[PDB]
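Undergrad: no sequence on this one, just coordinates:
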Ligand SMILES: OC[C@H]1O[C@H](O[C@H]2[C@H](O)[C@@H](O)[C@@H](O)O[C@@H]2CO)[C@H](O)[C@@H](O)[C@@H]1O
Ligand SMILES: [Ca+2]
Ligand SMILES: [Ca+2]
Ligand code: NA
Ligand code: NA
């Protein structure tokens with residue numbers, strides 16, 4: 001009954017074209033462990049076969065056409081993806097497709113374009129006169145032709161680019177007659193520009209096309225929802241309208257979560273407000289608190305976890321997580337939650353009542369970068385916590401964030417889930433004990449730590465209290481034997 005998301009990729013997976021098959025073969029395991037939705041990496045052709053998917057060369061090529069030196073994407077063919085999705089749907093697992101619509105990379109040809117340079121720290125400030133550049137802006141899709149869509153892209157569908165091919169120079173160029181879109185993040189004055197060729201969401205043909213592609217993509221992969229990439233760089237009213245449009249055309253709920261990357265509740269609340277709360281956001285501040293706690297050796301005040309997060313103020317609109325493909329070691333938003341703390345963070349998102357929690361493929365199975373800082377496979381430490389969510393994390397919650405290190409919470413259980421109820425403790429410092437209330441309805445039950453970290457049983461007293469233990473730097477989740 002509790003919903004659990006899984007991000008089903010990490011940055012450094014091998015480029016062997018087997019990922020979709022792997023996903024298909026993992027669907028039984030996912031369903032058995034209580035995963036109810038998966039966020040899949042971008043499924044369309046990037047700038048090369050080894051593109052993780054954020055290059056977004058051709059949104060209508062789901063590993064179906066020979067373009068950029070390959071038919072398959074990094075992950076496999078369209079048919080393989082569709083077979084994975086029908087296996088997941090057979091076990092009632094929803095599929096959320098990644099939507100990369102900020103930009104297009106890997107244009108087929110250059111165009112001569114008049115542009116001005118802008119200040120990378122303040123993109124409202126122009127720093128040159130008009131100059132002629134060669135920008136990678138012409139998309140003809142030679143391998144696809146007009147199959148599924150005859151829409152071709154040219155420079156006038158974009159606001160700018162970061163590369164002049166004639167001078168071989170990396171600068172932010174704004175094209176003649178274009179304006180950065182608004183509303184976007186006010187970072188760097190205006191953060192419309194991120195990378196590759198930036199889509200002009202002032203252009204009416206572009207807005208129409210991206211909306212109609214959205215519907216096509218949903219049908220083609222029978223998607224149940226979306227993950228929106230890089231939303232702080234995309235006109236907010238457009239994203240709002242795009243989500244409404246696809247819901248209207250498909251007739252489905254289409255759960256949507258947006259990646260608005262800022263460690264600031266205020267900015268995320270502005271985004272929610274400007275999109276009329278029609279979709280969720282990832283709980284980026286909560287991630288940064290996990291990272292902080294994990295790197296401060298007990299010095300962090302664990303009471304802080306209850307404030308300044310999306311889930312603390314808008315729980316229905318928060319997707320909580322520990323790490324992702326951008327925060328993992330080596331990546332562009334690196335802020336990895338250290339290994340020792342990771343299970344405590346998973347207990348916080350998985351066993352508490354608020355928020356839609358998401359598990360990271362990289363945490364389950366490890367990351368496969370070339371460093372010696374990779375996340376190790378933590379599947380066996382996460383599995384018990386997933387089981388706690390699936391079977392035990394129901395009913396009224398009681399919080400005990402009354403200590404700098406040792407904090408906890410209980411769930412009373414619900415009569416609709418037999419034997420449900422839990423008592424969780426985490427500590428970023430020394431271990432110890434805490435008496436917590438689990439409900440008089442659980443009086444006399446004998447509870448045990450589902451993680452196996454503590455071997456002691458706890459008998460709930462007549463008044464509904466148990467004396468629970470946790471080891472140093474550890475997590476324990478007690479549930480009924
Ligand atoms: O996991 C499948 C489940 O996901 C969504 O439910 C979310 C809900 O939208 C959020 O507001 C939040 O409270 O968490 C829920 C999952 O625990 C879909 O809305 C729902 O239809 C779907 O079954
Ligand atoms: Ca943009
Ligand atoms: Ca524009
Ligand atoms: Na733009
Ligand atoms: Na602490």
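TA: In hand now; what should we look at? Residues are numbered from 1 along each chain as shown. Ligands and ions are numbered 1, 2, ... in the order given.

Undergrad: C-alpha from now on. contacts and neighbour counts both.
TA: Noted.

Undergrad: For residue 133, identify the helix or strand it belongs to.
TA: Of the helices and strands defined by DSSP states H and E, residue 133 is found in strand 131-138.

Undergrad: And residue 347, by the same measure?
TA: In the assignment (DSSP H and E), residue 347 maps to helix 342-351.

Undergrad: That helix: what's the following helix or strand?
TA: Note on helix 342-351: by DSSP H and E, the next helix or strand toward the C-terminus is strand 356-360.

Undergrad: Does ligand 3 have contacts with the strand or helix carrying residue 213?
TA: Following DSSP H and E, one finds residue 213 within helix 204-221. No. Applying C-alpha under 5 Å from the ion, one finds that helix 204-221 is not in contact with ligand 3, the shortest distance being 10.6 Å.

Undergrad: Around ligand 5, pick out the residues from the chain.
TA: Of all the residues in the chain, those lying near ligand 5 are 298, 299, 300, 301, 404, 405, going by C-alpha under 5 Å from the ion.

Undergrad: mind listing what the helix or strand hosting residue 319 pairs with, with the direction of each?
TA: Following DSSP H and E, one finds residue 319 within strand 318-321. Sheet pairing here is set by DSSP bridges, and for strand 318-321 it gives strand 280-282 (parallel), strand 356-360 (parallel).

Undergrad: Buried deepest among those, which one?
TA: Most buried of the strands paired with strand 318-321, by mean neighbour count (mean count of other C-alpha atoms under 10 Å): strand 280-282, with a mean of 26.

Undergrad: Show me the domain layout of the protein.
TA: Using curated CATH domains, the domains assigned to the chain come out as 1-101+204-394, 102-203, 395-481.

Undergrad: which one is residue 198 nearest to, not counting chain neighbours?
TA: Nearest residue to residue 198 in three dimensions, chain neighbours excluded: residue 103, at 4.5 Å (C-alpha to C-alpha, 6 or more residues apart in numbering).

Undergrad: what about the longest strand in the chain?
TA: Residue-count comparison of every strand in the chain, with assignments taken from DSSP state E, identifies strand 109-119 as the longest.

Undergrad: And the contacts of that strand?
TA: Surrounding strand 109-119, the residues in contact under the criterion C-alpha atoms under 8 Å, 6 or more residues apart in numbering are 124-139, 155, 160, 165, 171-176.

Undergrad: and these, which are buried?
TA: Neighbour-count burial (16 or more other C-alpha atoms under 10 Å) is assigned, among the contacts of strand 109-119, to 124, 126, 130, 132-139, 155, 160, 172-176.

Undergrad: what about the helices in this structure?
TA: Under the criterion DSSP state H, the chain contains helices at 19-32, 78-90, 204-221, 236-250, 265-274, 284-295, 310-313, 342-351, 361-365, 379-387.

Undergrad: quick one: the longest one to helix 78-90, angle?
TA: Right, helix 204-221. Using axes from the mean of the first three to the mean of the last three C-alpha atoms, to 10 degrees, one finds that helix 204-221 and helix 78-90 are set 60 degrees apart in direction.
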